[PDB]
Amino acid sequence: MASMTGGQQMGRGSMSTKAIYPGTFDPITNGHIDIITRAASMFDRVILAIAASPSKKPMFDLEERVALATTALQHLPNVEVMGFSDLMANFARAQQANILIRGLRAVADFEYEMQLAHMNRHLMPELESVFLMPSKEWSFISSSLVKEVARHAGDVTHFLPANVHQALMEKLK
């Protein structure tokens, strides 16, 4: 019925889904891998969007972050890894994504996440924020924590894919 309508997003059944999962991923952990694996099972396509210029200077540069993530996620056919340097809502628009994936680890994050979602709704009404809880296994890890443990020789092999673990060891002498 193309000559009458191109069709609306709401009220008309299921549409093609393309999701972005933004973060600094400095570096990507098993927690991140779990979130994106789960998202990629339920949406047609998923972009891991890596922030180029985070306010806090990252341990790994963008190129390194993108390369490590690309390797770590290569086994997921409907996932792609990109860097970006914009508002997540702008990247989403540029990429023609209709879903924004957010991990929801802590109660402290909830207020902030709801606020960002309201802002993103204002910036791009056609973008839906979707929230996934981390698996219990990964619920206490973060990039930051793994780095700090590793800096003082703690064992973090269980928390990272092999490629990332090696790269982290190299960064720490």
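The first residue of the sequence shown is number 1, and the count goes up from there. Each form is matched to the other, and the largest set of C-alpha atoms that superpose within 1.5 Å is called the rigid core.
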In terms of RMS C-alpha distance in 7 other deposited structures of this protein following rigid core superposition, 106 to 114 and 60 to 68 differ, and the farther one is 106 to 114
Greater mean Cα temperature factor according to the PDB record, 4 to 12 or 162 to 170: 4 to 12
The stretch carrying the higher mean Cα B factor in the deposited entry, 16 to 24 or 149 to 157, is 149 to 157
When you compare the CA B-factors of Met133, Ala51, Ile47, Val66 as listed in the entry, which one comes out on top? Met133
Which of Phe43, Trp138, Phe60, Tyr112 ranks first by CA B-factor in the deposited coordinates: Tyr112
By the record's CA B-factor, is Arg105 among the lowest, middle or highest third of residues in the chain? highest
CA B-factor placement of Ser55, once the chain's modelled residues are sorted into thirds: highest
